[PDB]
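One chain follows as structure tokens, the form deposited in one PDB entry.
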């Protein structure tokens, strides 16, 4: 068992994401290699690792004291919080999640630039009849896509599936469809092993966020965390879930 975290009104995504991040030991190690946000984040993550209930108001307070208006983030996609944490951890340095793309632009002449991202955000493609939605199809659809190729892969990989779509009328909707994912995922040139899965439940304006993650030691027994409620979980329960964020580590 791992400690749970309490909900401060709406906190569910933050504690789901903290539970996911604690299941990334290289990210933990890099924080160890590093009041400032990195140390609070390490304290939160090391407490959620290493096998009562906890409180992560310290994270909200260090963010606010850095003049971040967190109450405007419940109106955005949950994933933008993750991008804020990684972008603020890079401010303390100047990266375990960093993926790096080499892009070429042309229209006579060409120009090769470099771009960096904290995760891989994949559009959920339309399901054709007779073939289920797989994460390899989304990854291939994101790779196919001014060109862009992956030229540096991260040690810890975050994969965000854009479950929040927007109609042509401008009104938003949640894609409920299930994407098949395996715990062993080979990125086409490296190989990665699944560590945690953040899932969303209910309508889009509900904040019901839940994390499946591995037990701390790499271990083999999965855990379901919804705030204070922590229990044992099977792998088929993890793989049958409707994934929103996937946290992998390089094998």
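For clarity, a rigid core is taken as the largest C-alpha set superposing within 1.5 Å between two forms. Numbering follows the first chain given and starts at 1.
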Residue 107 to residue 108: deposited residues without atomic coordinates: 4 to 9
Unresolved deposited residues in the interval that joins residue 51 and residue 52: 4 to 9
Comparing 97-105 with 154-162, the one whose average Cα B-factor in the PDB entry is higher: 97-105
Of 108-116 and 126-134, the stretch whose C-alpha atoms average the higher B-factor in the entry: 108-116
Third of chain Cα B-factors occupied by residue 223: highest
Third of the chain's Cα B-factor distribution that residue 240 belongs to, per the entry: middle
Residue 200 - Cα temperature factor, lowest/middle/highest third of chain: lowest
B-factor third for the C-alpha atom of residue 16 within its chain: lowest
Relative C-alpha B-factor of residue 175, binned into the chain's lowest, middle or highest third: lowest
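One more form of this protein exists, namely the form deposited in another entry; it is left out here, but the text below deals with it.
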Core-superposed comparison between this form and the one not shown, residue 176 Cα displacement 2 Å or beyond: no
